[PDB]
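Counting starts at 1 for both ligands and their atoms, following the listed order. Heads up: numbering here begins at 1 and tracks the sequence.
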Amino acid sequence: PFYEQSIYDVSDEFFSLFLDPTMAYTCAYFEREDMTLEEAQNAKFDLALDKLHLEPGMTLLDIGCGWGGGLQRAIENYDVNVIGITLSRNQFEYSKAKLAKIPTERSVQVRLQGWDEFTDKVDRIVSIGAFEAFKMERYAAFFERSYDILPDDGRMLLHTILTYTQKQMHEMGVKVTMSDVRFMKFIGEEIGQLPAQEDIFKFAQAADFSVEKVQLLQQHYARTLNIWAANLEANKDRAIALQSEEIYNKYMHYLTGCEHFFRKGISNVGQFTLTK
Ligand SMILES: CCNC(=N)NC(=O)Nc1c(CC)cccc1CC
Ligand SMILES: [Cl-]
Ligand SMILES: [Mg+2]
């Protein structure tokens with residue numbers, strides 16, 4: 001009967017207190033065990049981009065380009081035109097300015113645009129950590145739009161957090177405690193729908209994609225979240241100064257709780273190679 005500060009309300013400066021310098025907010029890939037967080041984030045973008053079989057002169061679309069680290073690796077390591085789209089104004093301005101400083105002989109575009117608006121023809125698509133925000137009632141249209149803008153040899157790499165069914169968690173030996181259910185409720189009131197592995201298969205193969213590979217990075221995310229949490233704790237006083245002890249505690253709770261979910265087996269994260 002009235003109108004009444006969440007983790008969403010934090011500034012980009014707040015995220016720089018605990019993300020690596022490239023501002024990746026998605027699962028890293030510790031290709032070597034002694035990699036730093038930044039090296040492992042680079043390795044995760046490189047892992048994704050390598051699966052696209054990019055050739056010189058192709059155009060690459062990044063759906064949900066975040067703070068731009070994925071397209072930075074694409075511009076630096078491939079001779080391709082890139083288009084990045086995002087619906088975040090902060091990330092749009094950040095990525096446009098970050099990417100403008102990179103030498104290139106190709107075209108580079110960053111747009112404030114959603115996927116349901118995107119009509120350009122592109123040769124390859126990467127989408128890292130954008131799918132989690134889609135509603136399942138939008139899944140079909142997403143894969144259809146992606147399929148239609150690709151050519152006949154088109155490839156797409158979809159990277160997304162995944163959940164398990166109750167039966168799967170049963171068979172796997174994953175016993176969900178009350179603190180796990182308390183945490184899933186916490187995610188409701190502070191963070192709506194996550195796909196299972198089989199869902200990506202269903203909706204991608206319904207849109208005439210073929211699934212050629214799924215790669216699961218469960219324990220890489222546990223390590224990613226562990227490092228994020230250690231960084232934020234190192235920067236606690238600054239985090240509380242920018243925000244509040246309330247917000248610092250919520251973010252630490254959220255990072256360490258998510259870490260626990262990946263470590264114990266409740267959550268996973270997959271890269272899906274889709275071909276046309
Ligand atoms: C939908 C857009 N978001 C992503 N794809 N991924 C994250 O939000 N990852 C993440 C998680 C998830 C386990 C927990 C704490 C903090 C972060 C990022 C800083
Ligand atoms: Cl990212
Ligand atoms: Mg992304």
Original post:
Any idea which atoms of ligand 1 are less than 4.0 Å away from a heavy-atom of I161?
Top reply: 12 (C), 13 (C)
Subject >> For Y221, the ligand 1 atoms whose distance to one of its heavy atoms is below 4.0 Å >> reply: 6 (N), 7 (C), 9 (N), 10 (C), 12 (C)
Original post:
Taking only heavy atoms of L255, which atoms of ligand 1 are found under 4.0 Å from at least one of them?
Top reply: 15 (C), 16 (C)
Original post:
Is it the case that more than 12 heavy atoms not belonging to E117 sit under 6.0 Å from its CD atom?
Top reply: yes
Subject >> Enumerated ligand 1 atoms positioned under 4.0 Å from heavy atoms of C258 >> reply: 13 (C), 14 (C)
Original post:
Between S146 and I125, which heavy-atom pair has the shortest distance, and what is it?
Top reply: O-CD1, 3.8 Å
**OP:** Just grab all the ring pair (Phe, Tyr, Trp, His ring centres under 6.0 Å) pairs involving residues 23-50, residues at least two apart or on different chains.
**Re:** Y25-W67, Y29-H220
Original post:
To the nearest 0.5 Å, what is the distance between CZ (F131) and CD1 (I63)?
Top reply: 10.5 Å
Subject >> CG-CG distance between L242 and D237, expressed to the nearest 0.5 angstrom >> reply: 11.0 Å
**OP:** Evaluate whether atom CD of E233 has more than 12 neighbouring non-hydrogen atoms of other residues, nucleotides or ligands under 6.0 angstrom away.
**Re:** no
Original post:
Just distances here: any N/O of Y251 and N/O of ligand 1 closer than 3.5 Å?
Top reply: no
Original post:
Should the heavy atoms of other residues, nucleotides or ligands under 6.0 Å from NZ of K276 be counted, would the total exceed 12?
Top reply: yes
**OP:** Using a strict cut-off of 4.0 Å, indicate which atoms of ligand 1 neighbour a heavy atom of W228.
**Re:** 10 (C), 16 (C), 17 (C), 18 (C), 19 (C)
**OP:** Using a strict cut-off of 4.0 Å, indicate which atoms of ligand 1 neighbour a heavy atom of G129.
**Re:** 1 (C), 2 (C), 3 (N), 4 (C), 5 (N)
Subject >> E13 and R238 ion-paired at < 4.0 Å >> reply: yes
Original post:
Going by chain and residue number, what protein N/O/S atoms come nearer than 2.8 Å to the Mg ion (ligand 3)?
Top reply: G64 O, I128 O
**OP:** Can you pull out the closest protein heavy atom to atom 15 (C) of ligand 1? Residue, atom name and distance to 0.1 Å, please.
**Re:** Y254 CE2, 3.2 Å
Original post:
Which is it for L225 and ligand 1 at heavy atoms under 4.0 Å: side chain, backbone, both or neither?
Top reply: side chain
Original post:
In terms of ring plane angle, is the pair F14 and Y251 parallel, tilted or perpendicular, where the classes change at 30° and 60°?
Top reply: tilted
Subject >> Protein contact to atom 7 (C) of ligand 1 [nearest heavy atom, distance to 0.1 Å] >> reply: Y25 O, 3.5 Å
**OP:** Give a yes or no on whether a salt bridge exists between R106 and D79, defined as a side-chain N under 4.0 angstrom from a carboxylate O.
**Re:** yes
Original post:
Against heavy atoms of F262, which atoms of ligand 1 measure under 4.0 Å?
Top reply: 13 (C)
Original post:
Which pair of heavy atoms, one from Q41 and one from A24, lies closest together, and at what distance?
Top reply: CD-CB, 3.3 Å
